[PDB]
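Asks: Task: produce atomic coordinates for the following.
(chains A and B, ligands or ions: 2)
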Amino acid sequence: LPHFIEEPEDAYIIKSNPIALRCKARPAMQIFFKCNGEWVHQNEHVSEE
Amino acid sequence: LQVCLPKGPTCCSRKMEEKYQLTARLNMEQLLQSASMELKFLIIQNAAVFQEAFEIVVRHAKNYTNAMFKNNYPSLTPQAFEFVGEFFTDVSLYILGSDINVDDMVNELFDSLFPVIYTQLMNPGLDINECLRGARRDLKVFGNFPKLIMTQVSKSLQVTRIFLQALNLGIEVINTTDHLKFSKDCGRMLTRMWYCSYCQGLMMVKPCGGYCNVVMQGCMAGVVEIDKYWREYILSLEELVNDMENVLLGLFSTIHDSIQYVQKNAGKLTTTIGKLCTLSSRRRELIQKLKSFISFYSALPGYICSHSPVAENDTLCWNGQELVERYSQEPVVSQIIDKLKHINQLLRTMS
Ligand SMILES: *[C@@H]1O[C@H](CO)[C@@H](O)[C@H](O)[C@H]1NC(C)=O
Ligand SMILES: *[C@@H]1O[C@H](CO)[C@@H](O)[C@H](O)[C@H]1NC(C)=O
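Replies: Numbering: from 1, shown residues only, chains lettered A, B, ... in the order given. Ligands and ions are numbered 1, 2, ... in the order given. I have put the structure below:
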């Protein structure tokens, strides 16, 4: 099963500066975000192999 | 027995009498609920609607000012986004009754706006920032725009906040109405009027209309006194309605003109600083439907007697202790009165 190396940490927005959320796991082929119950659009995700 | 006056034999004991008393309490509460439900729902609806409408107006004004900054002053973003969000958040908070000072809102807004103007529009090229914040107020760089904005938004936000508070207090008093507990003697009189006829073995006998009138006038003694204050509350609200949206929408025009006014003296400002450092339709319809309830506390005993089984003919009816052929004839209330007095004084002094 996939083991998370870099689990997302609760971010805080300061002075309207958008802070992105990090996610790193191995072994992983597809990683998606489920923000507030629903899936996040494919365009918002930025994958690194 | 202690409630049903025993003329002779009786079919009920003390326990059945306590049962009749509890059922009388429940029936009276249900009747008051049925009388107050429509007005309660109306005021709850309007409170929710106006709160949502005001939040929509605040959001619209917020990103209108955001769009005007983004289109006309792209060099001031994203700091402009931050202090505009802060200002409109504080505006929404003051609208929702929080302890917020309008003059302090405008002053913090302009103290945040001036340094980015100086660093990105007048002198393109951080730790001396507080000195610039001071120069905002010590040199009066924005002229008379800040006092104008202060008065314009303070008037509208204060009247809107008082309007929402008045709506909530109306909700509170109408919801207290159907929960009013009455005296023991009033309860015993209700038990005698509604159920003690069954203790005597009568099946379909209804109480006399005049007996219901005297019983209800004895019970609703303090409640009818609320009628004058409720009428004055309705009239003061109608006076107050006859706006927050226009001010919050013209805010961006005023801020843009203030920025131009500041830029018109950059020549000397940079040198001296370097040296020194359907809503109206909804209110109208609400007022028109609310005026139809100005006699709510005066027609309430009439409602209770007309919506209960009564012998309006006063012939072969129950007078409370026998079957006759012809009838012969505060603390919580004080709190409601005090709250009404307060809200009425506020509505009077506003408009
Ligand atoms: C995230 O935002 C930064 C700037 O805020 C930008 O450079 C980057 O391309 C953005 N990525 C996505 C996926 O939006
Ligand atoms: C209104 O907010 C949206 C949110 O994404 C933004 O795209 C838009 O540019 C804003 N309006 C302006 C500044 O014209």
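Asks: going forward, measure contacts and count neighbours with C-alpha atoms only.
Replies: Will do.
Asks: Please enumerate the helices of chain A.
Replies: Using DSSP state H, chain A contains no helices.
Asks: Distance check, the residue of chain A most remote from its centre against ligand 2.
Replies: In chain A, residue A:15 marks the outermost C-alpha relative to the chain mean, sitting 21.8 Å out by Cα atoms, centre = their mean. From residue A:15 across to ligand 2, the span is 16 Å (Cα to the nearest ligand atom, to the nearest Å).
Asks: wait, that residue sits on residue B:79?
Replies: Yes. With contact defined as Cα atoms under 8 Å, residue A:15 reaches residue B:79; the gap is 7.3 Å.
Asks: for chain A, what spans make up the strands?
Replies: Remark: strands assigned in chain A by DSSP state E are A:3-6, A:24-26, A:34-35, A:38-39.
Asks: and residue B:228, what is it in contact with?
Replies: By Cα atoms under 8 Å, 6 or more residues apart in numbering or on different chains, the contact set of residue B:228 is empty.
Asks: Residue A:34 contacts residue A:40, correct?
Replies: Yes. Under the criterion of Cα under 8 Å, residue A:34 lies in contact with residue A:40, with a separation of 5.9 Å.
Asks: The two: which has the busier surroundings?
Replies: When residue A:34 and residue A:40 are compared for neighbours, residue A:40 comes out ahead with 13 against 9, by other Cα atoms under 10 Å in any protein chain shown.
Asks: Skipping its backbone neighbours, what lies nearest residue B:113 in space?
Replies: residue B:80 (7.2 Å; Cα to Cα, 6 or more residues apart in numbering or on different chains).
Asks: helices or strands up against the helix or strand hosting the one you found?
Replies: Assigned by DSSP states H and E, residue B:80 falls within helix B:79-95. In terms of contacts (3 or more Cα pairs under 8 Å, 6 or more residues apart in numbering or on different chains; DSSP states H and E), helix B:79-95 is packed against helix B:14-72, helix B:102-117, helix B:145-177.
Asks: Now the ones you listed in TSV, please, with extra columns for mean neighbour count.
Replies: Shown next, in TSV, are the helices and strands packed on helix B:79-95 (neighbours: other Cα atoms under 10 Å in any protein chain shown):
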stretch	mean neighbour count
helix B:14-72	16
helix B:102-117	18
helix B:145-177	18
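Asks: Pipe those into a markdown table and attach distance to residue A:5 per row.
Replies: What follows is those, written out as a markdown table (distance: least, Cα to Cα, whole Å):
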| stretch | distance to residue A:5 |
| --- | --- |
| helix B:14-72 | 39 |
| helix B:102-117 | 41 |
| helix B:145-177 | 51 |
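Asks: Tell me how many other residues crowd whatever residue of the stretch 151-300 of chain B ends up closest to chain A.
Replies: Using Cα to the nearest Cα, residue B:252 is the residue of the stretch 151-300 of chain B that sits closest to chain A, at 19.6 Å. For residue B:252, the neighbour count with other Cα under 10 Å is 20.
Asks: residues touching it, list them.
Replies: By Cα under 8 Å, 6+ apart, residue B:252 lies in contact with B:61, B:64-65, B:68.
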